[PDB]
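Undergrad: got a sequence here, can you build the structure:
(9 chains, ligands or ions: 94)
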Amino acid sequence: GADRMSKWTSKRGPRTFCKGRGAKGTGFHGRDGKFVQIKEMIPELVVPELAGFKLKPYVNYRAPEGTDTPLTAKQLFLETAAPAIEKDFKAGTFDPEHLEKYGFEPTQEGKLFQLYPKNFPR
Amino acid sequence: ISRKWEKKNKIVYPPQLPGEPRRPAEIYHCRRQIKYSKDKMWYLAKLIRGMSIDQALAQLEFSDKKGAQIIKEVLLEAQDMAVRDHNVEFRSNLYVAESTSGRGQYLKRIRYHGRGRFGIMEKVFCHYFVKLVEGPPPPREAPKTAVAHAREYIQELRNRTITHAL
Amino acid sequence: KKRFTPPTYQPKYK
Amino acid sequence: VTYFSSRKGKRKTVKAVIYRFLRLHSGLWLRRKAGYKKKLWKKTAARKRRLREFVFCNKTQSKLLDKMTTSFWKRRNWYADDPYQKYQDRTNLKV
Amino acid sequence: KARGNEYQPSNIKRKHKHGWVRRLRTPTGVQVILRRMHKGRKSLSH
Amino acid sequence: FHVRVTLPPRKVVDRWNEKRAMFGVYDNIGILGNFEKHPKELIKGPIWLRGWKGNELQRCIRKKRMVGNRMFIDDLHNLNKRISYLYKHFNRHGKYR
RNA sequence: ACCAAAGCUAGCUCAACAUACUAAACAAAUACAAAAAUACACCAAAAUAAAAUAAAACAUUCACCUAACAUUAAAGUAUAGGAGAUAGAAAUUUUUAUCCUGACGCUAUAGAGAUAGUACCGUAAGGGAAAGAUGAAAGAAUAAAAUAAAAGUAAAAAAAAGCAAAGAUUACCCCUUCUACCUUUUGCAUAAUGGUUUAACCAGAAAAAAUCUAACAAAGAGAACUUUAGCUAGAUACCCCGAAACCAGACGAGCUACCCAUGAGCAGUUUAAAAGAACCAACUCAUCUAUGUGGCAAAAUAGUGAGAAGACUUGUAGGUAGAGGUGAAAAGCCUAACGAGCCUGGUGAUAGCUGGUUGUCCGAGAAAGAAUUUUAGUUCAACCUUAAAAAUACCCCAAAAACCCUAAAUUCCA
RNA sequence: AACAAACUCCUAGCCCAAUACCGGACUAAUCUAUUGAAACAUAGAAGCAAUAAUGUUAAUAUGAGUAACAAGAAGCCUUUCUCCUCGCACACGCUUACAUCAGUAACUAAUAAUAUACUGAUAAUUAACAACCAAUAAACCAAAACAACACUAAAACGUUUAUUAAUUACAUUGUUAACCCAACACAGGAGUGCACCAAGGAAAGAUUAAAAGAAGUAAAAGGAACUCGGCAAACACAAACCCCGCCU
RNA sequence: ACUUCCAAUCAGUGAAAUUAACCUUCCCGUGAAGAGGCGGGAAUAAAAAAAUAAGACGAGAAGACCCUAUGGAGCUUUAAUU
Ligand SMILES: Nc1nc2c(ncn2[C@@H]2O[C@H](COP(=O)(O)O)[C@@H](O)[C@H]2O)c(=O)[nH]1
Ligand SMILES: [Mg+2]
Ligand SMILES: [Mg+2]
Ligand SMILES: [Mg+2]
Ligand SMILES: [Mg+2]
Ligand SMILES: [Mg+2]
Ligand SMILES: [Mg+2]
Ligand SMILES: [Mg+2]
Ligand SMILES: [Mg+2]
Ligand SMILES: [Mg+2]
Ligand SMILES: [Mg+2]
Ligand SMILES: [Mg+2]
Ligand SMILES: [Mg+2]
Ligand SMILES: [Mg+2]
Ligand SMILES: [Mg+2]
Ligand SMILES: [Mg+2]
Ligand SMILES: [Mg+2]
Ligand SMILES: [Mg+2]
Ligand SMILES: [Mg+2]
Ligand SMILES: [Mg+2]
Ligand SMILES: [Mg+2]
Ligand SMILES: [Mg+2]
Ligand SMILES: [Mg+2]
Ligand SMILES: [Mg+2]
Ligand SMILES: [Mg+2]
Ligand SMILES: [Mg+2]
Ligand SMILES: [Mg+2]
Ligand SMILES: [Mg+2]
Ligand SMILES: [Mg+2]
Ligand SMILES: [Mg+2]
Ligand SMILES: [Mg+2]
Ligand SMILES: [Mg+2]
Ligand SMILES: [Mg+2]
Ligand SMILES: [Mg+2]
Ligand SMILES: [Mg+2]
Ligand SMILES: [Mg+2]
Ligand SMILES: [Mg+2]
Ligand SMILES: [Mg+2]
Ligand SMILES: [Mg+2]
Ligand SMILES: [Mg+2]
Ligand SMILES: [Mg+2]
Ligand SMILES: [Mg+2]
Ligand SMILES: [Mg+2]
Ligand SMILES: [Mg+2]
Ligand SMILES: [Mg+2]
Ligand SMILES: [Mg+2]
Ligand SMILES: [Mg+2]
Ligand SMILES: [Mg+2]
Ligand SMILES: [Mg+2]
Ligand SMILES: [Mg+2]
Ligand SMILES: [Mg+2]
Ligand SMILES: [Mg+2]
Ligand SMILES: [Mg+2]
Ligand SMILES: [Mg+2]
Ligand SMILES: [Mg+2]
Ligand SMILES: [Mg+2]
Ligand SMILES: [Mg+2]
Ligand SMILES: [Mg+2]
Ligand SMILES: [Mg+2]
Ligand SMILES: [Mg+2]
Ligand SMILES: [Mg+2]
Ligand SMILES: [Mg+2]
Ligand SMILES: [Mg+2]
Ligand SMILES: [Mg+2]
Ligand SMILES: [Mg+2]
Ligand SMILES: [Mg+2]
Ligand SMILES: [Mg+2]
Ligand SMILES: [Mg+2]
Ligand SMILES: [Mg+2]
Ligand SMILES: [Mg+2]
Ligand SMILES: [Mg+2]
Ligand SMILES: [Mg+2]
Ligand SMILES: [Mg+2]
Ligand SMILES: [Mg+2]
Ligand SMILES: [Mg+2]
Ligand SMILES: [Mg+2]
Ligand SMILES: [Mg+2]
Ligand SMILES: [Mg+2]
Ligand SMILES: [Mg+2]
Ligand SMILES: [Mg+2]
Ligand SMILES: [Mg+2]
Ligand SMILES: [Mg+2]
Ligand SMILES: [Mg+2]
Ligand SMILES: [Mg+2]
Ligand SMILES: [Mg+2]
Ligand SMILES: [Mg+2]
Ligand SMILES: [Mg+2]
Ligand SMILES: [Mg+2]
Ligand SMILES: [Mg+2]
Ligand SMILES: [Mg+2]
Ligand SMILES: [Mg+2]
Ligand SMILES: [Mg+2]
Ligand SMILES: [Mg+2]
Ligand SMILES: [Mg+2]
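TA: Residues are numbered from 1 along each chain as shown, chains lettered A, B, ... in the order given. Ligands and ions are numbered 1, 2, ... in the order given. Here you go:
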């Protein structure tokens, strides 16, 4: 009989079995049967300029490392918002109702790169 | 498995005192796991038993068997080792004292027959053991002569005793 | 009755 | 006979033996003669009396009934005005 | 005439008869898959 | 019938370890203790076998009655089948009847 | 001398406690034909358990049989039962917290199937293995030591004659004597069954009544009972393999039976013809013969045959599923065994039937009368075995036992 | 007379056969509690003993080195000769078995040579061919068979109009093979389009030419006298009579 | 009569049913009633290779014919419960 442990790929079936190998789609089917490719569906690699970049894939061997201190939400908040909140509270202009001026986003549906829905691949 | 023919060649005798006759050299060699069959190799082993090494090589060179070449190679290796390792001069002064073939480890396969039946096909392997002794070959035993036969008959007649008598 | 005995194959591992 | 019950694991007894037999504590078993109510118009007075009389059982039948019954039926009973209380025991048996 | 070749392979028939979807589309096939999972089978279906 | 060719390591068993020295020390706890505790309470083992003894059928029946509500599926099935087989064999098979 | 043999570990088994119970991985993809990112829906379903078995048959019945109330008693009691086999309570009673938990369980044919639900076998449900051995160091293989002990061979083929041996003998045979062993039978060397051999596994299990020993005794027992020498405790006892079958639920129409879609083939010749016309190719079947019969083949090869524009052959895919399907009825075919598939579970089904049933020695030791759907079997009696009480037991002269005639001789008796 | 027993004496004793069933005394090998410590004793336990189940597993023998199996020839070594002709591709199916190099003592070829079938390393199948590749209403009775025109069994196969169809190079997938189903490198089963060779291969490992067996060719005179039957074979391949089913 | 496949020898690889152990003769008689194994006689250096099949009540399949089973199952009913 046929195998069962082997993977069921597109090479193991008839002509009518044309299964994808995992690549993402890049368009749809047009009018006369051709494939219409959508430009926005094709990823655009945002590659920076490395001409003046003074860093290398390897570090110096004598360079010391540091104690592992993974970044947490508490540390990020202390670094980005705690000084501003403290200064505003000392000044007396602090407004608990409005926090959008401090980087807080009440709703993610407005901006481009959303965090919980994860609108961006990488 | 058993490997003692190799170890039989590593024994050391104490030095011989003066006046004792010189002990003939004994050289043991063997080839393990030969594809050729056990009884078929026994035939050649019996063929080359008790003769000089040169005569054995002469017979094995013109023997048509497949095991003849294997036995010839084993004999040549034994002669070379006897000359080199053991203190044996006169490379032609050896005779085949022992020449035996045993069975090794076999392989089991399927032999298809018909009507969905099968048999157990066995892939045979054999070992060939040879022992060479320095010196001229011992003479072949002659058939018993009429004088010897009469002597033994007369001796058996004289050996009679009156049984259940005393 | 037409009684027939189907042959049984030995396991492939031996 | 159920030698080992499935609920309690005990030994059971057949109810027919106790329904149609009586055991005296001395080991004897008492029974009624078979056919003592059948076709009485066809039988002589002596035969009817013989059928009416109570009879005992021999050793084989006694041992069989002992095997079928349990130990509750071989106990000593002190009934009120028992008809067979005088027969419960055996006297002057020289063996 | 001559027997023994009763198996004529075809992937469409194989997948439509013993496939994962075929097994899961019926309550009894789900029981078959559960039995295979309990036994620990490497392949639950074709 | 091939037998081993080497001496087995001689077990150095001592007769004066804690268990062997205190084996059954309170076996007379009741008799010498103004009865409160039976020697039943000193038996350690399965719940359905503490201070009880019976043949295989009785043991199976007692196990099913006592701890049968906590047995696994296959264990309970095997116990039921063993009970049925033992019942049939003991009540229908044998010589002395 | 080969083949080989021996390790002690991997791990398993049975219970106690226990947090309170579908482990870890889950970046992406995973019920499109699973591991295929992305389009306007449809989703869900319940309706008793049956039978194998026991009642020596089988129809009412047949404990457990994947539903909680546990334990000591009442109690195998009341009751229910072709009142048969068997089934079987309740009212009412007893149960003091925790540690003291490991093993008179196995050691690679054992213990889980497991090195693993993996290889492999099936279309599928499903079934399901075997396989490890050195050493402190192999970053000590011009490597070191223990057994060289099974069957099978070699070293080392045989010399009249005989179940292969024994009595022996100066001496291997030559001489004399013995019809292999289990099982079944009236009886087996029987030409009745079984076995090539070796190794490892493989088959008697229960305490009611009884016997023996011991404790205490008109009382015994650590609670519930039995007691006109009895109560309590201990030791003495009752096998293994094998059907055709039956029931329930899954899996099967990739072969085949018949349909539904979608396609494809039939060249040449004779005929106003594509006429279920004719000759004959491809193609489809399989009449006869010969080979083959563990074969090329679990249905073939060679020759020879029938149809060959049709009720035709054929590819792909779908449907009809077993108390059924399908059938131009052959009781055909339904994945090589179909008077009704296969797998799993009931299931260690049940067999009055066959086979097997493993140390030594000693004592005694049985050939059949009656019932019986019974004569292939059981239960009694008569015999017999093991213990214990006793006293007459066989042999038995007279005398005695029927009337028309009647032998050997019987019964009962000092 | 003599020779002749499980009979009976003689000399010593441990001082009289046995199947089914029954009773008794010892006892091999394990574990435990105490002794013992060159392997035991008294007790308690059992997975407590195999010359026999067409017993299970593993290994071994006999049959037996038997049945059976295979490669055309020479040569300058892969070049020429002698023969037979199921070849190329696609679909379905297998999944790397395909290609290069290297090795084959042994494992696969039922044997070698070496290699498409074994081993290791490295590479490979590149889209134009094929797969995925519009709906909503309306006009539409008029067969394919060279289709002019018809027969009956009444026959798959389509355009146009109107409304909406993201609109912008390059998407994804199948591309090897000597291969699939039959336990096998199996004389079997396999759809379609092309041609009958311009493509595929080798019946023989080497001898001798016993019996018997399979296949073929030929055979004097006779021509079914063989046999159940003219089965088979043949330089024949024709004409008749019945039984049963009308016929395919 | 002659060729091919077979066959026999040489070289390579190499199964199956079967097998209590065989040191495995013939005649007559006996015997569980058809003897290689018993009794009375004859025969008898030991081993290969090739052939033929009379026997080993030859191998194969726990006879399918017959009977038994208080064993099944298919079918039919004017069998019994429904
Ligand atoms: N019924 C019965 N069978 C016997 C008797 N004696 C021997 N047998 C049977 O006869 C056979 C053995 O025969 P034996 O060895 O007695 O000559 C066995 O089947 C055995 O049971 C007996 O007395 N009665
Ligand atoms: Mg498979
Ligand atoms: Mg594909
Ligand atoms: Mg394809
Ligand atoms: Mg495009
Ligand atoms: Mg086959
Ligand atoms: Mg063999
Ligand atoms: Mg064999
Ligand atoms: Mg098959
Ligand atoms: Mg019954
Ligand atoms: Mg019965
Ligand atoms: Mg019946
Ligand atoms: Mg019955
Ligand atoms: Mg039931
Ligand atoms: Mg009633
Ligand atoms: Mg009745
Ligand atoms: Mg195991
Ligand atoms: Mg040996
Ligand atoms: Mg003799
Ligand atoms: Mg006799
Ligand atoms: Mg008998
Ligand atoms: Mg008879
Ligand atoms: Mg006979
Ligand atoms: Mg006989
Ligand atoms: Mg018989
Ligand atoms: Mg016999
Ligand atoms: Mg037997
Ligand atoms: Mg036999
Ligand atoms: Mg008792
Ligand atoms: Mg029934
Ligand atoms: Mg279908
Ligand atoms: Mg179909
Ligand atoms: Mg035509
Ligand atoms: Mg026609
Ligand atoms: Mg043909
Ligand atoms: Mg011909
Ligand atoms: Mg033809
Ligand atoms: Mg024709
Ligand atoms: Mg015709
Ligand atoms: Mg039925
Ligand atoms: Mg039907
Ligand atoms: Mg008919
Ligand atoms: Mg018929
Ligand atoms: Mg079938
Ligand atoms: Mg049975
Ligand atoms: Mg009977
Ligand atoms: Mg005796
Ligand atoms: Mg009796
Ligand atoms: Mg008298
Ligand atoms: Mg008297
Ligand atoms: Mg005498
Ligand atoms: Mg005597
Ligand atoms: Mg002991
Ligand atoms: Mg045992
Ligand atoms: Mg043994
Ligand atoms: Mg047999
Ligand atoms: Mg055996
Ligand atoms: Mg051989
Ligand atoms: Mg040969
Ligand atoms: Mg032969
Ligand atoms: Mg041959
Ligand atoms: Mg050839
Ligand atoms: Mg394949
Ligand atoms: Mg390769
Ligand atoms: Mg080879
Ligand atoms: Mg290609
Ligand atoms: Mg040849
Ligand atoms: Mg010939
Ligand atoms: Mg001829
Ligand atoms: Mg001719
Ligand atoms: Mg002629
Ligand atoms: Mg004639
Ligand atoms: Mg004639
Ligand atoms: Mg003819
Ligand atoms: Mg003619
Ligand atoms: Mg003719
Ligand atoms: Mg007709
Ligand atoms: Mg007509
Ligand atoms: Mg056999
Ligand atoms: Mg002889
Ligand atoms: Mg005779
Ligand atoms: Mg004689
Ligand atoms: Mg004789
Ligand atoms: Mg004479
Ligand atoms: Mg013969
Ligand atoms: Mg014989
Ligand atoms: Mg015969
Ligand atoms: Mg026979
Ligand atoms: Mg029979
Ligand atoms: Mg028959
Ligand atoms: Mg019949
Ligand atoms: Mg009967
Ligand atoms: Mg029945
Ligand atoms: Mg009626």
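Undergrad: which stretch of helix or strand covers residue E:15?
TA: Assessed by DSSP states H and E, residue E:15 sits inside helix E:11-18.
Undergrad: what do you get for residue B:33?
TA: Applying DSSP H and E as the criterion places residue B:33 in strand B:26-34.
Undergrad: C-alpha coordinates for that strand, PDB please?
TA: Once non-C-alpha atoms are left out, strand B:26-34 reads as follows in PDB (Å, rounded to 0.1, in the frame of the first residue of the first chain):
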ATOM      1  CA  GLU B  26      54.600 -25.100  14.800                       C
ATOM      2  CA  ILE B  27      52.700 -22.300  13.000                       C
ATOM      3  CA  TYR B  28      48.900 -21.800  13.300                       C
ATOM      4  CA  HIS B  29      47.000 -19.600  10.800                       C
ATOM      5  CA  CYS B  30      43.400 -19.300   9.800                       C
ATOM      6  CA  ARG B  31      41.000 -17.300   7.600                       C
ATOM      7  CA  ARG B  32      37.600 -16.400   9.200                       C
ATOM      8  CA  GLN B  33      34.200 -15.700   7.500                       C
ATOM      9  CA  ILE B  34      34.900 -17.100   4.000                       C
END
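Undergrad: neighbours of residue F:53, just the number please.
TA: Look at residue F:53: counted by other Cβ atoms under 10 Å in any protein chain shown, it has 7 neighbours. The C-beta positions use only the backbone N, C-alpha and C, and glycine is treated the same way.
Undergrad: surely it is in a helix?
TA: No - secondary structure of residue F:53, determined by DSSP: H, G, I helix; E, B strand; the rest coil: coil, with no helix assignment.
Undergrad: that one and residue F:42: what is the separation?
TA: To residue F:42, residue F:53 is 15 Å away according to Cβ to Cβ, to the nearest Å.
Undergrad: can you give me the end-to-end span of stretch D:14-29?
TA: Using Cα to Cα, to the nearest Å, one end of stretch D:14-29 lies 15 Å from the other.
Undergrad: just stretch B:15-35 next, same as before
TA: OK, stretch B:15-35 end separation, Cα to Cα: 42 Å.
Undergrad: give me the contacts around that stretch.
TA: For stretch B:15-35, the surrounding residues in contact (Cβ atoms under 8 Å, 6 or more residues apart in numbering or on different chains) are B:5-6, B:8-9, B:13, B:41, B:67, B:70, B:73-74, B:77-78, B:81-82, B:86-88, B:94, B:97, B:104-105, B:123-135.
Undergrad: which of those are buried?
TA: B:5, B:41, B:67, B:70, B:74, B:78, B:81-82, B:88, B:94, B:97, B:124-134 (16 or more other Cβ atoms under 10 Å in any protein chain shown).
Undergrad: can you list the residues of chain B near RNA strand G?
TA: Within chain B, the positions near RNA strand G by Cβ under 7 Å from any atom of the strand are B:1-5, B:7-8, B:10, B:38, B:42, B:46, B:98, B:100, B:102-105, B:112-119, B:127, B:129, B:156, B:159-161, B:163-164.
Undergrad: and chain A, by the same measure?
TA: Chain A comes close to RNA strand G at residues A:1, A:4-5, A:7-9, A:13-14, A:16-26, A:41, as judged by Cβ under 7 Å from any atom of the strand.
Undergrad: nearest residue to the residue of chain B found nearest chain A other than its sequence neighbours?
TA: Closest residue of chain B to chain A, Cβ to the nearest Cβ: residue B:116 (18.1 Å). Spatially, and ignoring its direct neighbours in sequence, residue B:116 is nearest to residue C:7 (3.5 Å; Cβ to Cβ, 6 or more residues apart in numbering or on different chains).
Undergrad: burial count for that neighbour?
TA: 10.
Undergrad: ok, it - contacts?
TA: For residue C:7, the contacting residues are B:115, B:116, B:117, B:118, by Cβ under 8 Å, 6+ apart.
Undergrad: by neighbours, which of those residues wins?
TA: That'd be residue B:118 among these, by other Cβ under 10 Å, with 15 neighbours.
Undergrad: which element is that one on?
TA: Going by DSSP H and E, residue B:118 is in strand B:117-123.
Undergrad: now check that strand, is it near chain E?
TA: No - against chain E, strand B:117-123 shows no contacts by Cβ under 8 Å from any Cβ of the partner chain, the least distance being 14.0 Å.
Undergrad: what is the neighbour count of residue D:48?
TA: For residue D:48, using other Cβ under 10 Å, the count is 14.
Undergrad: got the contact list for residue B:99?
TA: Residues in contact with residue B:99, defined by Cβ under 8 Å, 6+ apart, are B:45, B:46, B:48, B:49, B:71, B:128, B:129, B:130, B:131.
Undergrad: need those in CSV with secondary structure, can you?
TA: Converted to CSV, the contacts of residue B:99 look like this (three-state DSSP):
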residue, secondary structure
B:45, helix
B:46, helix
B:48, coil
B:49, coil
B:71, helix
B:128, strand
B:129, strand
B:130, strand
B:131, strand
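Undergrad: list the contacts for the residue sitting nearest the centre point of chain E?
TA: Closest residue to the average C-alpha location of chain E: residue E:18 at 2.7 Å, with Cα atoms, centre = their mean. The contact partners of residue E:18, by Cβ under 8 Å, 6+ apart, come to E:45, E:46.
Undergrad: residue F:67 now?
TA: Shown in contact with residue F:67 (Cβ under 8 Å, 6+ apart): F:46, F:47, F:48.
Undergrad: neighbours around the residue in chain F positioned nearest to chain D, how many?
TA: Using Cβ to the nearest Cβ, residue F:58 is the residue of chain F that sits closest to chain D, at 4.0 Å. The burial count assigned to residue F:58 is 17, neighbours taken as other Cβ under 10 Å.
Undergrad: hmm, the helix holding residue E:15 in reach of ligand 3?
TA: No - against ligand 3, helix E:11-18 shows no contacts by Cβ under 5 Å from the ion, the least distance being 8.4 Å.
Undergrad: list the buried residues of that helix.
TA: Residues residue E:15 are the ones in helix E:11-18 that count as buried (16+ other Cβ under 10 Å).
Undergrad: and the residue of chain A found nearest RNA strand I, how far is that from residue E:14?
TA: Chain A approaches RNA strand I most closely through residue A:1 (27.4 Å), counting by Cβ to the nearest atom of the strand. To residue E:14, residue A:1 is 9 Å away according to Cβ to Cβ.
Undergrad: what segments of chain C are helices?
TA: For chain C, applying DSSP state H gives no helices.
Undergrad: and the residue of it closest to chain E?
TA: Closest to chain E within chain C is residue C:6: 10.7 Å, counting by Cβ to the nearest Cβ.
Undergrad: so which strand or helix has the nearest residue to residue D:9 once chain neighbours are set aside?
TA: Nearest residue to residue D:9, sequence neighbours excluded (Cβ to Cβ, 6+ apart): residue F:58, at 4.0 Å. Here residue F:58, judged by DSSP H and E, is contained in helix F:56-67.
Undergrad: is chain D contacted by the following helix or strand past that helix?
TA: Downstream of helix F:56-67, the first helix or strand assigned by DSSP H and E is helix F:73-92. Yes - Helix F:73-92 lies within reach of chain D by Cβ under 8 Å from any Cβ, at F:83, F:86, F:87, F:90, F:91.
Undergrad: list the contacts of the fourth one.
TA: What that stands for is residue F:90. Residue F:90 sits in contact with D:3, D:4, F:57, where contact means Cβ under 8 Å, 6+ apart.
Undergrad: just checking, what's the longest helix in the chain?
TA: Reading this off chain A. Of all the segments of type helix in chain A, defined by DSSP H, the longest one is helix A:82-91.
Undergrad: meant chain E, my bad for not saying
TA: In chain E, taking DSSP H as the definition, the longest helix is helix E:27-39.
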